[PDB]
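A.B. asks: Here come the first chain(s), positioned as in the complex:
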Amino acid sequence: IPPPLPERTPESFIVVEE
């Protein structure tokens, strides 16, 4: 099996104010 994408975190709903 190939390398699966990165873990799908729900925190994505939030954008870091870099």
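C.D. replies: Thanks, I have it. Numbers count the residues shown, from 1 in each chain, chains lettered A, B, ... in the order given.

A.B. asks: which one in chain A is furthest away from the centre?
C.D. replies: In chain A, residue A:1 marks the outermost C-alpha relative to the chain mean, sitting 20.4 Å out by C-alpha atoms, centre = their mean.

A.B. asks: As a check, name the ranges of all helices in chain A.
C.D. replies: Remark: helices of chain A are absent; assignment by DSSP state H.

A.B. asks: Next, find the distance separating residue A:8 from residue A:18.
C.D. replies: 21 Å (C-beta to C-beta, to the nearest Å). Just so you know, the C-beta spots here come from the backbone N, C-alpha and C atoms, and that holds for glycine as well.

A.B. asks: while you're at it, add chain B from this line:
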Amino acid sequence: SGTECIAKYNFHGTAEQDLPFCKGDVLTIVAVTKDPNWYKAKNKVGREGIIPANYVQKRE
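C.D. replies: Below is chain B, added to the chains above:
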């Protein structure tokens, strides 16, 4: 409107927030997600969704 990424593979949709692409498709980064590799970009159609960097390449 800044960094452009290109999809290497044809990864379908995995999350309602995520957006599928077609190898050769270009996406513009709009914001970054809690995760790195995981980034939120928009399509040329004006669509907004997250895409796995491990499935695309960032020209920038």
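
A.B. asks: Who are the contact partners of the residue farthest from the centre of chain A?
C.D. replies: Going by C-beta atoms under 8 Å, 6 or more residues apart in numbering or on different chains, residue A:1 touches no other residue.

A.B. asks: now residue B:4
C.D. replies: Applying C-beta under 8 Å, 6+ apart to residue B:4 gives the contacts B:26-29, B:58-60.

A.B. asks: Tally up the residues packed near the residue of chain A found nearest chain B, please.
C.D. replies: Residue of chain A nearest chain B, by C-beta to the nearest C-beta: residue A:11 (3.1 Å). Applying other C-beta atoms under 10 Å in any protein chain shown, we find 11 residues neighbouring residue A:11.

A.B. asks: That concludes my questions; thank you for your assistance.
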